[PDB]
């Protein structure tokens, strides 16, 4: 009833495919999961909670054997990853726009008590007018329910995007962790390279940054205004790390750059 036409990439669990309807030629994206059930139950539940202009749309789901099918709005612009030119990044106004939209999507998810846990360019996709959409909720989980915050006690994500505390701490707050990874995405956008393999005490590039060696790459490619915001995001202490309301007050964030 659908034709798997091309493989888009790997989602959290399984694969996601471009599928085009046999009857109507509707272009759609499908995640195929060969059936865990609690985890699939969880992911599906969270998907139906979502309604926002910078989050991907969810359609529905169907099982054959222990295969589950989840359909989502196809991202006709492809991925943000493809717009990052290696070693160079992208123009500053394109990066600021994408950043603005990312914070809106992140503000929305935190307002409903959801954390994505794997913000990085491959999970940030584009529609036809190039607006950013946050995709894939296989690692997402609840951090606030009936007004009470739950700390996270489990490691996940992608090492170059993960906050240091998630490697060193038994438990930690969800929100500052999404804020870190948003700064590594802004870094990638403005420089076309990632700052370190992982934010760990044995990683020499991360040590270089803590001691403020911003005469080195990638920092030397970034203008002093965006650099000053990155100074507040990539802070080791999660309690002193800038929060999203304050990111909205940052100089570069409110700088006019784009027609």
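Positions refer to the first chain, counted from 1.
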item: Unresolved deposited residues in the interval that joins residue 28 and residue 29; value: none
item: Residue range whose averaged C-alpha B-factor is higher in the record, 181-189 or 166-174; value: 166-174
item: Segment of higher mean CA temperature factor, 17-25 or 245-253; value: 17-25
item: Out of 194, 234, 227, 44, highest CA B-factor residue; value: 44
item: Residue 118 by Cα B-factor - lowest, middle or highest third of the modelled chain; value: lowest
item: Residue 137 - Cα temperature factor, lowest/middle/highest third of chain; value: middle
item: Among modelled residues of the same chain, the CA temperature factor third for residue 71; value: highest
item: Position of residue 150 among the chain's modelled residues by C-alpha B-factor, lowest, middle or highest third; value: middle
item: Modelled-residue ranking by C-alpha temperature factor, third containing residue 128; value: highest
